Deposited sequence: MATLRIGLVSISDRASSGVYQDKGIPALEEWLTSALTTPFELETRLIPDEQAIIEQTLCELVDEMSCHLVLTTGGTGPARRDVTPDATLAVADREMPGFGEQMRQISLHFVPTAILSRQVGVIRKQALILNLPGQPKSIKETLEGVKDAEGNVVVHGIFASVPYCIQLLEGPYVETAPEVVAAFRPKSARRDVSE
């Protein structure tokens, strides 16, 4: 089936390089069909919450990716809005996004990004910078092209499948989609 993905750029910071960066990476990473629902909003908690609820409840998105507003400054409230609309928390996503980003963002531990589930959709908070967005998703390789640290998207296809969503496949040259034998078609 077609995967429906919501993309939210919290433009609190123009070149909203946020949406375009996600569109570019996803188009390169996915081999199965998908459709996008894009939104550009300010860093105001109530508006972010409404936007996430609109995309999951009304637009029936299977996956929602946000960019921006995840730092320590008082204005940054994307993770707060994300936890507020969640039905269940996925601690490993925030933890590992920070371990992955320790490789390309010296102050990565200052981020408060989370991954949560609302209904049957997965919502992940990503950085605002395009380079950081792609490195978090795809991970880190060496000069030869070998994977040193797997990206966060390597576990996304299987998570969507466990949430009873569409069967998602990726281009291994970009990112390999992990899946146990008891889940491969």
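What the model leaves out of the deposited chain are the segments 1, 15-19, 192-195.
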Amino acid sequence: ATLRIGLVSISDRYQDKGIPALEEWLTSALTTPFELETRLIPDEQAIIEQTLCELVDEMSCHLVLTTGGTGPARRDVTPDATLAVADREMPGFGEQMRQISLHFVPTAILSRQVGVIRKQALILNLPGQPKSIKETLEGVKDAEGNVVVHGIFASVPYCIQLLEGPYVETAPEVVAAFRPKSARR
From here on, numbers count along this sequence of modelled residues.
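As recorded in the PDB entry, 67-75 is the stretch of 93-101 and 67-75 with the greater mean C-alpha temperature factor.
Between 2-10 and 174-182, it is 174-182 that carries the larger average Cα temperature factor according to the deposited entry.
Set against one another, the Cα B-factors of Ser155, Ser60, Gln45, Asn125 in the record reach their highest point at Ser60. Across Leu26, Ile117, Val148, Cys159, the greatest Cα temperature factor reported in the deposited entry is at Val148.
When all modelled residues of the chain are sorted by CA temperature factor, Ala21 is found within the highest third.
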